[PDB]
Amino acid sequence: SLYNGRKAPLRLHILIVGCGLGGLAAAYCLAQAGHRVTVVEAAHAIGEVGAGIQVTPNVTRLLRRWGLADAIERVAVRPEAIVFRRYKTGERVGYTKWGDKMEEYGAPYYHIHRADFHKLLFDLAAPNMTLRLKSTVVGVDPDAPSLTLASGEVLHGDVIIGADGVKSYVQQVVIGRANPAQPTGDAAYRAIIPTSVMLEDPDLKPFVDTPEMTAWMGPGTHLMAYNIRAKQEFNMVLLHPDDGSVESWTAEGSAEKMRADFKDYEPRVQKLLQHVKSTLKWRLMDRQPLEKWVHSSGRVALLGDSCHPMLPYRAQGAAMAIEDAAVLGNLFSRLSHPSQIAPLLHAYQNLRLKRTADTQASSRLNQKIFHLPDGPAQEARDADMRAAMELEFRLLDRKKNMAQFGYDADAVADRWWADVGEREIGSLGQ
């Protein structure tokens, strides 16, 4: 029971465009808040798709609140540390202890396969939503409001939530255009190998025995690797200069070109990439924060990657989409009169926008540091990492980590409601 058992005295029909991690989180939170939810999804079925997702303590805190504590512990992995390595030799130049140290933010840091994460949120939301698959939204009347599907079917609701991802259709209706996207010059390969083949190699086995997030830093390139799916699968993300790619979750890369691009990395990376049977490739595109997330009619708003997508350096996409849902559901649990619908959507945006813009920036400002060419700049980064690492080992920015990881979406919305919203929004209609 979320919201201390409270249900909005005014029950809405809310249409959610997109059955991704955001849309499912929104469907769960808004149904719990006392609203009728329909989720409309383009995909014909939910598939075994996607790769590793970061579940930082600020996300885990909410998933535990939603009753998922055992189910996530079962399928996700708790990384013990983040380790930075020189590409060529595998020298460990950096180390930050995670594991139990992450519990000081009030919940564990998990690594999860997107499909396992999707399944957890799907099973939560499914009993309290109507899901329409094979239903591409191709039009929005933001005044009614209503949605138009590719079939021409029109769906009516009180509120439309656009959770339709990085290439949101709803975003174009809210803002009046697609948010400009600028190529960074880089692409990412994503590839998964079974950990059974690593356990068979005495040089690779320790990567399964002691689950870490390892970043090998190279000239123009990096390889980030970690266990998912209860250490049955090893997730690898490889950043490299864009030699032709598209911004799509289904676009393929050449495993042979991937191996060629990383041929100068240490022998354990050669052995890891030898097991890659296939790889998907994504063109990195930089997007700025939106000016607003709410349409001028106050009945359509955005959630998740539709309004704050970010680069894979600090992939907090899932985190920010789930936080968005928790705050939106918290505010909507308060609704008692139609005159409050717009103010509540404005409050949602007001509580979320700067935080998510700062989180996009945190990812954006990590693009060059792991890709330095060999030389003075590279040796100074390694030296700075070593200094920090040696303190970590003697025991055997933190304030930014606390601002990200210690965040409680419900606490922020409960406090705003108590200090301001009850008086300024709750009284509307009296």
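Numbers follow the displayed sequence, beginning with 1.
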| item | value |
| --- | --- |
| Unresolved deposited residues in the interval that joins residue 396 and residue 397 | 10 or more |
| Higher-scoring stretch by recorded Cα B factor average, 160-168 or 245-253 | 245-253 |
| Residue range whose averaged C-alpha B-factor is higher in the record, 141-149 or 316-324 | 141-149 |
| Peak C-alpha temperature factor (PDB record), options 29, 55, 39, 365 | 365 |
| Member of 100, 212, 116, 305 with the greatest C-alpha B factor (per the PDB record) | 100 |
| Chain-relative CA temperature factor third for residue 298 | middle |
| Residue 128 by Cα B-factor - lowest, middle or highest third of the modelled chain | highest |
| Position of residue 371 among the chain's modelled residues by C-alpha B-factor, lowest, middle or highest third | lowest |
| Cα B factor band for residue 282 (lowest, middle or highest third within the chain) | highest |
| Chain third (lowest, middle, highest) by recorded CA B-factor, residue given as residue 106 | highest |
